[PDB]
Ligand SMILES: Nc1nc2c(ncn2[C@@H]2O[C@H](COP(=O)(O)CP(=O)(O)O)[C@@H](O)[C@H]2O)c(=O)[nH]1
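The chain that follows stands alone, in the form deposited without the ligand, written as structure tokens.
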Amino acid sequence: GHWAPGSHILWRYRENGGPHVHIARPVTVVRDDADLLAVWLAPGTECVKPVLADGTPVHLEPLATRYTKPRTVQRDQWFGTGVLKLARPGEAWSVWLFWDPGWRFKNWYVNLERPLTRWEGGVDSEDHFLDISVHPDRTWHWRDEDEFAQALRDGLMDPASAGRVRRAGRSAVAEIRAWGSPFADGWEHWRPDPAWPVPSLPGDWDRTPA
């Protein structure tokens, strides 16, 4: 069914090309219905993320080896300001909103990704490398095209799957140009309940969907 608002769930990503969870983010359900899942990732939340096995942050590893060196997982507090994440069922992206301090809206970010798979504890995806940034003035640009390219060269995607990601990118860009959902929907005015606690990272955050 659908989770009640205020419910705590996990928003997760698998490792690239494998079954194990490498990102796990406890989030609070904002909305969950036939048209949309919306969740809030609060500052200070304990999350899991990948790191290189030698301790190098993934983003700090030179691009040539970023996707080839062995990885492990680390638990640590979410860095920086909170994120509201929105995803339509079946859609090969989610849209995340970020604000500067004092809730001054900054941008929407379209994260191209495998359509979320719902399971008992939350939703799982696989990241598709390419992102889009959208500004309040309705302009847009790609982000992480370099990572996308490298991931292709390293065989993390085959040309077919890469084609599908770019097709999704073009569909999201058509939505941005049309100023469709969720851009036009006023999520930038959304605020969390100040009563909501910060959700904990469950000890079994790594369990696979049955």
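In this text, residue numbers run from 1 along the sequence as written.
Not on display, but discussed next: the form solved in complex with the ligand.
Taking the pose of the ligand in the entry with it bound and superimposing the nearby C-alphas onto this chain, the site is blocked, with at least three ligand atoms within 2.4 Å of backbone or C-beta atoms.
Of the residues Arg31, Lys69, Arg143, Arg167, just one reaches the ligand in the entry with it bound with a heavy atom at 4.5 Å or closer; this is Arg143.
Remark: of stretches 134 to 142, 71 to 79, 87 to 95, 118 to 126, the one touching the ligand in the entry with it bound is 71 to 79 (heavy atom within 4.5 Å). Heavy atoms closer than or equal to 4.5 Å to the ligand in the entry with it bound belong, across 105 to 122, to the residues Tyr109, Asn111, ordered by sequence position.
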